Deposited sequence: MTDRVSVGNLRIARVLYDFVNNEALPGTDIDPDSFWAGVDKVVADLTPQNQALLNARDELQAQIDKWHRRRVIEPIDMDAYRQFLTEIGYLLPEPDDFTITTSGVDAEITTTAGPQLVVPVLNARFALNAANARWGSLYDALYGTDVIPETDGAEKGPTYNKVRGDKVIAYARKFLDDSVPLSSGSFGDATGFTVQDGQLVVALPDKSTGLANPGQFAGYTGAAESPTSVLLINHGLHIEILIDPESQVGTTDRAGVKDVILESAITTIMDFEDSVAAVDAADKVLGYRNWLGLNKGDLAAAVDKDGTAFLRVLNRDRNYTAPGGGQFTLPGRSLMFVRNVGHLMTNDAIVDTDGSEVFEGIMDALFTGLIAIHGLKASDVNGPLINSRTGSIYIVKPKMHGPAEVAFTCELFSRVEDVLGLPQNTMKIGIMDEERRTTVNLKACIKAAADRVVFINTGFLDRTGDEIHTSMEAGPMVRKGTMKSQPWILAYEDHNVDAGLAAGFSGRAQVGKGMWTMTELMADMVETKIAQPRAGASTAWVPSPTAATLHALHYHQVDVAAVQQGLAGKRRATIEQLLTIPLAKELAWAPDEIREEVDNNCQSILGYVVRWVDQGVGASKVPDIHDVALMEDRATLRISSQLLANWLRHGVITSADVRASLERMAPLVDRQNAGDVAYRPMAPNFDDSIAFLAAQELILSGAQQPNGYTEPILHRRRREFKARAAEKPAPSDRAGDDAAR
């Protein structure tokens, strides 16, 4: 009695009102025509959506039976691959082709740099992420472990000048490495001037210019005493702020106050694995934040926080130009699996959620194409949607047809809605060229979502035998081939200069020294973007793109074929391998990370949490990391590595530790000692004990059911 009838649909009133009162005004779309289009698109495309999900089940059943029907020691790769071809899992590779996607912004086609992912249901996080286009290097260095807290350089309640001077020195070296002087070092600079459109750096006994004056991009203030100096390197901007009257500037030999880095070039506003949204009320919260971002007027509490305006500069010659102040925004829709009762049909059947996301996030994104102040997002006229968890090229073609039909409902030009393709399921990996071809006129990135991909690896081969420990997965042959294969397919499809080639998330949110040391591997592998968990991590990962010329790396990689199908298909089976203490560590680690994530998901609707692991390393958890942990334990239980008593005792042992870590939140409900009274604890148990039975190992069916159950209990 809380719904609105439109054709065969029954729409939750909160969603109907949100769309009519907030999303539609200003788009010139007729409300009656919009809702008729929703009815028609749902009716027309739901059968194919269901057909595709049934096809996954039929293929996995055949693969399950194949492994159970054999006894031979190692996979006979020739027989295995021929079988995958017969059942239509491995499809033929199409001829070479070049993508044709047009109307894409420079941040995607050309600029190499970090890409930030943030939960769209958290307005203050989403605001900080959009504002992360520019970030302080001094803050990122001083506040993290990139500068070690050795004797004398420790962080305290007040500024430590010994630490501050290490920060300054680190940044001066970065400047020398990125925008080198004709002679001397930035460490010895005493001042900056702009004379006849050229930057002049004062040294103690002479003056000098840049080795490449073309890296001088502009300044603020008067040319003869600028307030800042703007530089560019590998397409990314660097700004030296000059203020001798500041706390840090007073100590600096040139009065430098900070070094600002262009950081999160693009940001993915996430409706998928980092949020918990199980009904119309939840979906409206997310849609309204996405609306505020595109209209430019989102403002969050704690005083209030707003979106940054663009940045004004004087060109080296003399004109006034402007640089984007905000990250270019993508939105990650949900994939093809789930339904959501935000809309039900006349029989009470829930509507597919990915279909709804395309309609509603596409509608809302129109506001980002028009004046807010200037328009917020795409100046070239595109809407950028990340589509996750697709399995193979028919599922990509379906997304493209869904987008085409939504463009018609919205009165948008065909191919306005672009697609960032996650390569995060095995049947996409091994058919990647065909997947890109299916979206050849819409694709704006491919990205190795390696954590979902690991979950799919385990589930697909669940019946083959026990898998290696999850920490071993990152170095197994299949995943190394998968990473190279993805780059190869992108470059061969003409992505250089046209679309992003992306790699995955750094999850250790406090291990920033390790990130700076290690994550450089991604641009060295030819990735023009990769995922960071925070604005601070975006600023630090920006350093890697100044050190690595990704454009040159991609040109050197052109034409290579560095992964075979046999390599891609190498299942991560454990050899005949573990002492009891290693098995116990794996179980306790997986149970602790499952419980820490799931308890905040089910009881508080939080879809991404920092959860310390068994080694007290803080990890950003979302559904993909949960998918790995629950599938690994399900696999170990399936093949006798551990018993059902092992699992239960581990969960009961780790649950009170998770309770302790959450003891300060008035909204937290402890799981122990009354485990069977905690919907959250039972959800975590169900994710393991029923994991082998979930479709492709997905965690949403259980999580959504258990969160809805919790909401009902809290309302009675």
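- When the deposited sequence is numbered from 1, the segments without any C-alpha atom are 1, 304 to 309, 380 to 382, 587, 728 to 741.
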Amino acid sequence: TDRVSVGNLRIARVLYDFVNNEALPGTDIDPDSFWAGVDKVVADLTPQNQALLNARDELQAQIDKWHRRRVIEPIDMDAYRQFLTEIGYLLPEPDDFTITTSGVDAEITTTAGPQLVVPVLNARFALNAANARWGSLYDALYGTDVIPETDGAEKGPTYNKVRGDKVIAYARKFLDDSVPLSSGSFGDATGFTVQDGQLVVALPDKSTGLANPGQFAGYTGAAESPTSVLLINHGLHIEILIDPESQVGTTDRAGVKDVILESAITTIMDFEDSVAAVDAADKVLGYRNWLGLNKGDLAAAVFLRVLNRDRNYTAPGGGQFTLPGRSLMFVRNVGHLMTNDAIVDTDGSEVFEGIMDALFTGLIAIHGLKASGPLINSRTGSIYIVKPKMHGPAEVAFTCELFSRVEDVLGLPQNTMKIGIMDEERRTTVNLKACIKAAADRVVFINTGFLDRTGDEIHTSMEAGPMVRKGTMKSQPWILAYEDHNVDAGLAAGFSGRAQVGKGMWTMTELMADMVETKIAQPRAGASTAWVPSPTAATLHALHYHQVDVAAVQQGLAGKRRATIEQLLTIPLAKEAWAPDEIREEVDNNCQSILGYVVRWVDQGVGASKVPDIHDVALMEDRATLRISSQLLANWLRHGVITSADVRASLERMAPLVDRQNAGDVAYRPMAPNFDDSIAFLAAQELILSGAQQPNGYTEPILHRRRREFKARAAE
From here on, numbers count along this sequence of modelled residues.
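- Note: missing coordinates for residue 47 occur in none of the other compared entries bracketing this position, so the one-third threshold is not reached.
- In at least one third of the other compared structures of this protein with flanking residues present, residue 663 is left unmodelled.
- For the pair 584 to 592 and 312 to 320, the record assigns the higher mean C-alpha temperature factor to 312 to 320.
- Stretches 211 to 219 and 291 to 299 differ in mean CA B factor, with 211 to 219 having the higher one.
- Of the residues listed, 397, 508, 77, 369, the entry assigns the biggest Cα temperature factor to 77.
- When the CA B factors of the chain's modelled residues are split into thirds, the value for residue 305 lands in the highest one.
- Annotation for residue 103: C-alpha temperature factor in the highest third relative to the rest of the modelled chain, per the entry.
- Sorting the modelled residues of the chain by their CA temperature factor places residue 83 in the highest third.
- Ranked by Cα temperature factor within the chain, residue 150 sits in the highest third according to the deposited record.
- The PDB entry assigns residue 180 a C-alpha temperature factor belonging to the highest third of its chain's modelled residues.
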